[PDB]
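Below you will find one chain, with nothing else, as structure tokens; this is the form deposited without this ligand, and questions on how it binds or moves follow later.
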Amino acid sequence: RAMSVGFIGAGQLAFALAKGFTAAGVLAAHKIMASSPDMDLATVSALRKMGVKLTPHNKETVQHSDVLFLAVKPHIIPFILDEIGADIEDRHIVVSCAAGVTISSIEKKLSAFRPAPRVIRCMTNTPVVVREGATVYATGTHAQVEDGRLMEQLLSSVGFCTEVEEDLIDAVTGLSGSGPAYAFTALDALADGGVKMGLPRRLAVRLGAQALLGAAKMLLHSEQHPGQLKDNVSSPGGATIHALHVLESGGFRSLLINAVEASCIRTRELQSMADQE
């Protein structure tokens, strides 16, 4: 409650969480801080207005914060854990969200400054900026169960949360992590196809969006199975099952798996590459 946070990063993710948290009525813009190594107008400059504390020094951060956020590239994360390992008290917990980067790697390199540091691996997506991001996390080794509670609660604030054994997190990042982007492609497309029927741009876009939205909810608030709800929507006649056929005839399902697999697989590499070199 007397808690105040910081992101040593910025960029999207930061602004994502930053924004969702503010709007969540949880923290308070000013009671927050992130470091601008350089300054990316969009992000950085955005925040400026939002009401968040920005410091070039991702060290002033470290202090200002009771809960720390690592929102940096997966290869940059090493060069920081050894720039602040020292400046790391025991009052705060570290939530690293860098893709694929392992607790261990963090811990075991960052502990070279503290007997038992407290860290959690996190996996989230941009839609957090509202309240529908999909978040996952795994508890470190030096992590008490009052930290996995603040985490689990701090995030449900902006979406959906759950504990997951770190290993699953590479897959997860494929689905929920990138998914927001599979979606945006989906729609931009639909909008076009919408428009390629008469519908105007603004219009097609929003209905295509609403179309999706709707589907989600139905699937979440029930089991049903995506399969069966599909059945509930296609009258033996056509118009829908017909659109399906085409999708089904261009490997639509397929090209989504390959996107998950690929997303996943890239994350595997990126980390199992930062392990040696």
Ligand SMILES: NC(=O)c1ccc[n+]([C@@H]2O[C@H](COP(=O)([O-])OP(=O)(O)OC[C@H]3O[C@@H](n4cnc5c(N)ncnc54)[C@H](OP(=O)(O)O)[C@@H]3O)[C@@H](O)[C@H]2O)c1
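Residue positions are given as counts along the sequence shown, with the first one as 1.
Quick note: we don't show the form solved in complex with this ligand, though the next part is all about it.
With this ligand left out of view, the stretch that reaches within 4.5 Å of it through heavy atoms in the deposited bound form is, among 82 to 90, 101 to 109, 179 to 187, 127 to 135, 127 to 135. Proximity of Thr141 to this ligand in the deposited bound form: non-hydrogen atoms within 4.5 Å are absent; the residue sits far from the partner. Taking the partner from elsewhere, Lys217 is found to have a heavy atom lying within 4.5 Å of this ligand in the deposited bound form. This ligand in the deposited bound form comes within 4.5 Å of a heavy atom belonging to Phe160.
Heavy atoms of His221 reach within 4.5 Å of this ligand in the deposited bound form, making it an interface residue.
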